[PDB]
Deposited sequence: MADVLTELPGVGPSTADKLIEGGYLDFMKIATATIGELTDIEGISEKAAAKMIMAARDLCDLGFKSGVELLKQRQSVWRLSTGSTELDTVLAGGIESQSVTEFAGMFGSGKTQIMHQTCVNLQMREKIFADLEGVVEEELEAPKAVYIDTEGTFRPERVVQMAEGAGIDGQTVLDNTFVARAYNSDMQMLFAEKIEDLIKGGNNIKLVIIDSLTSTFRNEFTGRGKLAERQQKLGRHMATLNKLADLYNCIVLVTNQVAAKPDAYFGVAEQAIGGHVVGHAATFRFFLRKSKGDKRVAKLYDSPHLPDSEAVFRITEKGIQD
């Protein structure tokens, strides 16, 4: 919480050395390691160790029980997908503090959903938050980050969906950051640089990686390169899960499929890292089916939706 000097043992000099290293929030320090803190100019091990324990304490990161357990869950806000049936399967909508994955064959609607969420983020009526755990100013001027790894981001579609929702398309564009990544290195670096946007005053509440695996699959083709691929993708996923928890934001990813009748690629690393996993498939015409096949507390379920000129509906 911005004022690091409120941390016991931390004076103005230290606070400066810290912000430089990219530490501007209590939680970031509380979850750091003595190593990464000592990597900063004149921050000793004793100090590093001390502020870490102080930050944890300040954020009250201890044992919780009873009602406190429900309170923690109230800090999770949800975003509407534009589909009633889909939102119901999600038990409200897409959850912040988690990674939700949409995998499916070509044209199943993975990118459409990504675009719709950018629009919905700009409509508070589309955001469902418990006032008892999410302060309204935490939702003010929400911004989205779209890491486009295939080059399929379409400003036109965002504007069109915005119109379809009854709001200004230019407003959505002004509040949506897009980063075109040509390989996994850029993809991962962009994800890591999202912190700079937040530090810059942007309230990043939606992070989209479309596609999550296309780059990796094309860069590590040999089966004798499976381990290589998994390790890098694993670090990427960890970065994603941490920013989702740390900044109470939604992380949305898309995934392609492969035969054996099909399954999402990315291996176990993506399998374990994603909290919610969906399989998108096409039906008659503009109809689509979204099958939730993995989550920590929701049963497997299907939702029928459509992709139209307005965007996602039903």
Problem - Regions of the deposited sequence not represented in the model - result: 1, 262-268
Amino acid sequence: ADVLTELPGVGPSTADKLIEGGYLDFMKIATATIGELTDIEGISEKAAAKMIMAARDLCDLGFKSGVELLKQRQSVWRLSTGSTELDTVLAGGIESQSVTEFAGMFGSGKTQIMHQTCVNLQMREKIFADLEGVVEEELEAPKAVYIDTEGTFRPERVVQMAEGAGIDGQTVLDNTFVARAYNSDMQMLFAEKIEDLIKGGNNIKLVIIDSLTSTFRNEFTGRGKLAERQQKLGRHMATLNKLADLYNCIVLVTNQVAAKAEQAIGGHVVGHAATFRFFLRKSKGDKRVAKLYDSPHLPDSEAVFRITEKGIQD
From here on, numbers count along this sequence of modelled residues.
Problem - Entry-level comparison of average CA B-factors, 48-56 and 248-256, reporting the higher stretch - result: 48-56
Completion exercise
Comparing mean C-alpha B factor in the record for 58-66 and 34-42, the higher one is 34-42
Exercise for the section: In terms of CA temperature factor as recorded, identify the highest of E137, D185, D210, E156. Expected result: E137
Completion exercise
The residue of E95, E101, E132, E150 with the maximal C-alpha B-factor according to the PDB record is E132
Handout entry: Lowest, middle or highest third - CA B-factor, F216
Key = middle
Fill in the blank from the handout: Among the modelled residues of its chain, the C-alpha B-factor of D294 falls in the third labelled lowest
Exercise for the section: Sort the modelled residues of this chain by their C-alpha B factor and say whether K284 lands in the lowest, middle or highest third. Expected result: highest
Problem - Third of the chain, ranked by Cα B-factor, where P142 sits - result: middle
Handout entry: CA B-factor placement of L173, once the chain's modelled residues are sorted into thirds
Key = middle
